[PDB]
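Step one of this worksheet: look at the structure below.
One-based numbering, in listed order, for ligands and for the atoms of each. The figures here come from the full heavy-atom set of this structure, side chains too, leaving out hydrogens, waters and symmetry mates. Numbers restart at 1 for each chain; the letters A, B, ... are given by sequence-line order, proteins then strands.
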There are 2 protein chains.
Amino acid sequence: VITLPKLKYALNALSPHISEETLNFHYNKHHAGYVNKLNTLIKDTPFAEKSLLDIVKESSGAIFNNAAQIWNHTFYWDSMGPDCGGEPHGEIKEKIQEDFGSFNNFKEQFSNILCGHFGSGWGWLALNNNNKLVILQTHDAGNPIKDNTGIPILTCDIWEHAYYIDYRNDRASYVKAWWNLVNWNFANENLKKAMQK
Amino acid sequence: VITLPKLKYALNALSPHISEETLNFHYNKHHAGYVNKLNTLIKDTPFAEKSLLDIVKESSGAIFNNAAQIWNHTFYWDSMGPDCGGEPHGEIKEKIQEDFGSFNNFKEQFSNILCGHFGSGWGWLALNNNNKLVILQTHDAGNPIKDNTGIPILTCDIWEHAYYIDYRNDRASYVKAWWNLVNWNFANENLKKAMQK
Ligand SMILES: [Fe+3]
Ligand SMILES: [Fe+3]
């Protein structure tokens with residue numbers, strides 16, 4: 001029953017910023033891996049009929065690890081696109097200006113958070129409870145939904161598997177390149193959703 | 001200032017099990033990077049003149065993260081060598097037999113926890129305080145000394161950088177290959193010292 005959601009673009013679509021190779025390993029291997037392990041762990045428990053998010057919300061241990069990673073990855077693929085990147089636009093542009101001063105303030109702060117996360121984890125743009133954009137970081141499979149720290153708008157995966165093929169130990173160049181990939185229309189979809197609450 | 005202790009072998013001495021390319025990034029980028037970064041963090045601080053192990057035992061935060069990783073990597077490199085691997089011999093052969101039934105019991109339990117570790121971390125063979133060999137796992141920069149959980153005898157790095165170049169997402173092949181590299185002498189020397197107390 002839990003299926004690996006489809007990419008909205010081709011395996012080559014993020015090149016040269018993230019490679020076709022990477023997306024093959026990250027999506028066809030790692031991401032699919034979390035779906036298959038989750039389906040195994042929940043087959044005959046209370047979790048089998050519950051939704052991905054409910055699982056994420058109520059689970060712990062190995063089930064949460066795989067559940068959250070599935071959700072995190074889907075959010076990550078949708079956080080990017082071909083023909084995306086550069087300056088923001090629409091509502092998210094106006095809110096990033098309001099809540100961080102300027103786009104440039106946000107980008108640098110986000111990049112620094114992304115680059116200094118120790119070990120495996122994620123960076124997030126999130127809407128907190130003051131109806132305010134906020135930069136978070138989570139470790140491993142952690143998630144702002146689980147933490148109740150904010151409603152996700154964008155995410156960027158900082159596990160070594162997300163860049164190691166293309167960038168080796170050079171996380172900073174992966175981060176730089178990711179800005180060419182950021183999908184502002186997903187961000188806008190999420191901000192409108194998130195404001196409704 | 002703390003230094004990057006030389007390898008006991010050549011860059012390509014662990015191939016084909018761990019390639020020369022991996023060792024180059026793992027040792028010359030990752031491991032050195034931890035050295036340069038710790039030197040800068042302790043520069044003008046109470047720790048500027050303490051030994052690696054004292055910093056490991058006494059600190060937290062980014063300082064702990066870098067010190068612990070220099071230590072954990074040197075132990076990792078010393079845990080391996082060319083013309084090693086295979087069955088254990090001497091004191092470690094015997095104590096493993098006693099504490100786990102047989103070598104194959106240990107190798108399978110140790111492969112399982114090495115493969116099972118979620119996110120970044122380390123597998124350990126250690127002497128616990130009941131004078132018993134046990135398998136420990138630590139997350140991120142953690143080691144058993146800091147944790148007072150045991151005396152390390154052998155370690156194996158599970159961060160994706162340790163294997164991603166050679167094995168991609170296939171952690172289990174890296175662990176299978178690692179068995180061809182296990183330095184039982186280093187193990188023996190550690191058990192002797194450890195058993196002395
Ligand atoms: Fe990932
Ligand atoms: Fe490492």
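Ion pairing between A:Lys95 and A:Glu98 holds under the 4.0 Å rule for side-chain N and carboxylate O.
Checking each of A:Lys146, A:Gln69, A:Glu58 against A:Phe64 for a side-chain contact (heavy atoms from CB on, under 4.5 Å) leaves exactly one that passes, namely A:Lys146.
Distance check for B:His30 against the Fe ion (ligand 2): none of its N/O/S atoms falls below 2.8 Å. Among the backbone and side-chain atoms of B:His31, none of the N, O or S atoms lies under 2.8 Å from the Fe ion (ligand 2).
The closest side-chain heavy-atom distance from B:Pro152 to B:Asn190 is not below 4.5 Å.
Within A:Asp157, the N/O/S atom positioned nearest the Fe ion (ligand 1) carries the name OD2.
Both the sub-6.0 Å distance and the 45° axial angle are not jointly satisfied by B:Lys50 relative to the ring of B:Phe47.
The Fe ion (ligand 2) lies at the vertex of an angle of 90° between the NE2 atom of B:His73 and the NE2 atom of B:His26 (rounded to 10°).
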